[PDB]
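Novice: experimental structure and its sequence below.
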Amino acid sequence: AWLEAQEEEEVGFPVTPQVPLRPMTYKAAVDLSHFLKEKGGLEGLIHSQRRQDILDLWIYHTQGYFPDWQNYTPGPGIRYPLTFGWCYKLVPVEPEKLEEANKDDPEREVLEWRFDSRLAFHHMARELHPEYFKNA
């Protein structure tokens, strides 16, 4: 679909600018998670590095929601979603090929978006570092 960029990508020409900034509901994240899923399937898509901006940006020229919800725990390697409802967890399933030798492009470990709508009720990121969210 839109992720299957054969060669010369073509985002057609849909005119969708800053649309009425509605309130990003936690439910909005889960609904959005499944919306992007049926819109082709972002799951298993290896997040290179710029694809991240396309996501937040795409949401801009579409729902106009600001990326004040898209976030993740610091530190490299795995990366759990800080916000709740967002059932997306980045994880490097690639083999640690830290073979230092080729002086070409940086062959670092890339990450892939692991879709898991079960996060709609479970709470793993909370057991990791919840001290960031000060609710009560």
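Specialist: Done, it's in. Residues are numbered from 1 along each chain as shown.

Novice: work out the gap between stretch 74-86 and the centre of the chain.
Specialist: Its chain's average C-alpha position is 9 Å from that of stretch 74-86, according to C-alpha atoms, centre = their mean, to the nearest Å.

Novice: likewise stretch 91-106?
Specialist: With C-alpha atoms, centre = their mean, you get 22 Å for stretch 91-106.

Novice: flag every buried residue along that stretch.
Specialist: residue 92 (16 or more other C-beta atoms under 10 Å). (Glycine included, C-beta is placed from N, CA and C.)

Novice: name the nearest residue to residue 73, ignoring sequence neighbours.
Specialist: Leaving aside its sequence neighbours, residue 73 sits nearest to residue 80 (C-beta to C-beta, 6 or more residues apart in numbering; 5.3 Å).

Novice: which residues touch that neighbour?
Specialist: Applying C-beta atoms under 8 Å, 6 or more residues apart in numbering to residue 80 gives the contacts 72, 73, 89, 124, 125, 128.

Novice: could you pull out the strands for this structure?
Specialist: 46-47, 88-91, 111-115 (DSSP state E).

Novice: quick one on the thing from earlier: show me which of the contacts of residue 80 is closest to residue 116.
Specialist: Closest to residue 116 out of the contacts of residue 80 is residue 89 (6.0 Å), distances taken as C-beta to C-beta.

Novice: excluding sequence neighbours, find me the nearest residue to the closest one.
Specialist: What sits nearest to residue 89 in space, not counting adjacent residues and going by C-beta to C-beta, 6+ apart, is residue 114, at 4.7 Å.

Novice: residues in contact with the one you found?
Specialist: Residue 114 makes contact with 43, 44, 88, 89, 90, 91 under the criterion C-beta under 8 Å, 6+ apart.

Novice: can you count the residues close to the fourth one?
Specialist: In other words, residue 89. 19 (other C-beta atoms under 10 Å).

Novice: surely it meets residue 82?
Specialist: No - using C-beta atoms under 8 Å, residue 89 is not in contact with residue 82, being 11.4 Å away.

Novice: so how far is residue 107 from the residue lying farthest from the centre of the chain?
Specialist: Each residue of the chain has a distance to the centre, and by C-alpha atoms, centre = their mean the biggest one is for residue 101: 31.4 Å. Using C-beta to C-beta, to the nearest Å, we find residue 101 at a distance of 10 Å from residue 107.
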